[PDB]
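# Secondary and tertiary structure notes
The primary structure of each chain is shown beneath.
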Amino acid sequence: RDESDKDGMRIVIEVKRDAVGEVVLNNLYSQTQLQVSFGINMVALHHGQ
DNA sequence: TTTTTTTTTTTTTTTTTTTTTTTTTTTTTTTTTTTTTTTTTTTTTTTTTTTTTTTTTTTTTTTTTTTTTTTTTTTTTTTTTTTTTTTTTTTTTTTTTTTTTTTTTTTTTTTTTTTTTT
DNA sequence: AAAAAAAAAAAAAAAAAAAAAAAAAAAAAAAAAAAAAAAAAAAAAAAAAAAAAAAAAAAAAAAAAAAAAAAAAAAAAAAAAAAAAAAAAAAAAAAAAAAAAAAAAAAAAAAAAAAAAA
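Residues numbered from 1 in each chain as written, not as in the entry; some residues may be left out. Chains lettered and ligands numbered in written order. Part of a larger assembly, values for the part shown. Heavy atoms only, no water.

Per the deposited record, cryo-EM is how this structure was determined, to a resolution of 3.0 Å.

As named in the PDB entry, chain A is DNA gyrase subunit A, taken from Escherichia coli.

What follows is the structure, given as structure tokens:
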């Protein structure tokens, strides 16, 4: 569910009874877009080049 | 002035191909039906002192049939080879980010004309 | 000849989509190491076999830990209410083979035309 009540976002992911929750969260970080890689590439025009 | 040769698009309608309407089979999806978990209380089950008469282990000795035993020849075990499956590098493809180039649609409102049905 | 529906005029309401360019991630499909599994060789520990043996069940009998009886008291589990999880039953569906209608090529032959001969 999503419960974003304009008081900060709130995505509720209820975990099943036969699960640890931390393992589910680690799997979500590994697989889903809860963790992303930001590739820095600092290119800018210096003296018009 | 009359008469002669040639050229193509039409009378074309039929053969071939394409396009457009169709409906059998394996993959989704909503329903009922059966596995799970938490409370009340409830007679009911079950934990823990005391006494008691019991029935199996430890003095001692006996034997016999399972523990000794050696040896032949099997046959499971191991070796090499090859096939089948599993699993991971490799490659390919696709999506999102932010400024650019391009486009495309659905309805109100009135009045008049085409364009089908009865 | 009556009814009905499309379409077009111009100011209004409101939407949708395709690509380029680089760099990173995520699916998804392949070669290729790598180890189970299986067929077919020789090979070698185990059962057989036999004689020979001595270690633990019987038997006598005391006695000492015991399982039933009695009592008090604690409170686990069972059945009845509700409330969720998860799987077969049945029905539906999108591509997909089958059929039918329209576009392009085909030549047989002639109307009209253009051109030229004597």
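### Considerations on the overall build of chain A
This is how the line gets drawn: Secondary structure is summarised from DSSP: a helix means a run of H or I of at least four residues, a strand means a run of E of at least two, and numbering begins at the N terminus for each. Exposure classes here rest on a 1.4 Å probe applied to the protein chains alone. A residue is buried below 20% of its type maximum, exposed above 50%, and partly exposed in between. Computed with the Shrake-Rupley method and a 1.4 Å probe, the accessible areas treat only the protein chains shown as cover for residues. Under the convention used here, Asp and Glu are negative, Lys and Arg are positive, and both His and the chain ends fall outside the count. Where a charge lies is defined by one atom per residue type: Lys uses NZ, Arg uses CZ, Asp uses CG and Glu uses CD.
Scanning chain A for helices and strands turns up one helix and zero strands. In terms of principal-axis extent, the alpha carbons of chain A reach across some 60 × 30 × 10 Å. For chain A, the residues scored as buried account for 2% of the 49 residues in total. Of the roughly 5400 Å² that chain A leaves accessible, carbon and sulfur atoms contribute 52%. Measuring between centres, the 5 positive side-chain charges of chain A sit 3 Å from its 7 negative side-chain charges.

### Brief notes about the layout of surface pockets
Regions of empty space are outlined by a rolling probe, equal in size to a water molecule, passed over the atoms. Rules: Cavity: a set of points on a 1 Å grid over the protein atoms alone where a 1.4 Å probe fits but cannot get out. Pocket: an open set with protein on both sides within 12 Å along at least five of seven lines, its lining residues, like those of a cavity, having an atom within 4 Å of a point. Grid points are joined across faces, edges and corners, and a volume is the space filled by probe spheres set on the points.
A volume near 170 Å³ is recorded for the largest pocket. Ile-11, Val-12, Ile-13, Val-15, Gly-21, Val-24, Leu-25, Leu-28 and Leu-34 together form the lining of the largest pocket.

### Thoughts on unusual backbone geometry
Positive phi, close to 55°, is recorded for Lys-6, a residue that is not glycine. Tracing the sequence through the fold places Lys-6 in the segment before α1 (22-31).

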